[PDB]
Every structure is written in C-alpha cells, then in structure tokens.
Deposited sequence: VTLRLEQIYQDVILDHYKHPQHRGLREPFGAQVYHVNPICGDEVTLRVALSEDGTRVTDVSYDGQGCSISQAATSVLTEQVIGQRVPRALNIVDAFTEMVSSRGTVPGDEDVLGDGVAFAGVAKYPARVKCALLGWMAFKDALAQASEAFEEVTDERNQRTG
C-alpha cells in the first residue's frame, strides 16, 4: 500500500530500464561520489548547454533511478537552467513531504516526492544529482 508510495512506477521503470548509463566520450569533467556513482558531463562547443551526461556505478533502486531521471531532465538544457532543476529537486526531496515539486521543472523527478518522508533514503536519491552539480561546475570551469 505505502511501499508503492516510495517506490512509484516511474522509479521502478528507470531502475529496470536506465537511461544514459555507461561512461561515454567526449566529456569535460568526471567525478566520483558515494550507493556509488562515477559521472561525466559534456558541454556544447559554446559551453552554454549540457550535451551529455554519462554515468556508471552500483547502488539501490532509488539511487540508480534518480540518476537515470537526472540525465533525462538536464541533457539539452542550458547550464543555468540545469542548476535550477537540481535546486528544485533538492528542495523537494529534502522537504519531508511538505513540497510536492513542480512537474514543469522536474518532470519524472516529481516521482521522488514520496522519498522525502524517508530521510535515510534522501541521500540515495541525491547521490547522482549532487554528482551532476559537481561535474557541471567542473565542466564549466574547464571550458
């Protein structure tokens, strides 16, 4: 009953069928955060958009599904907008369920709203997202 409220269809879908998994080239930065993840970010020639996010690692359903969803929401986005999306995700999952999140901003990201009431699993959800922010800041400076 309530187990489906944390493990929503979208999460289980992304866990079974992950998107943008496997490290790829080119990349402008790479980081490693620990559930573990190695994550790369690629920027466009002009450095204004995220052209690719590639990742590899081991972790639970929530950590792997969050990273999968991350890649779908930020690939093709402008660098300042991608960071805005991360901050919205962070605010939602860290809210203890008081912030449901805006689907215009987060897309499938809002399916992690039910994780918010389980503070232990928030770090599972945030792993890939905090990894991306780091690799994005590094890729931007490298430009």
Deposited sequence positions missing from the model - stretches, numbered from 1, in order: 1-2, 37-41, 151-162
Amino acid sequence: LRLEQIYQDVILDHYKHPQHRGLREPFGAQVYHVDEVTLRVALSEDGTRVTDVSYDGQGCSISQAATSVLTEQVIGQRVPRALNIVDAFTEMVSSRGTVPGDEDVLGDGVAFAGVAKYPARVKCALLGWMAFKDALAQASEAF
From here on, numbers count along this sequence of modelled residues.
Between 61-69 and 92-100 (mean CA B-factor, as deposited), the higher: 92-100
Between 123-131 and 8-16 (mean CA B-factor, as deposited), the higher: 8-16
Within-chain third of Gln30 by Cα B-factor, per the entry: highest
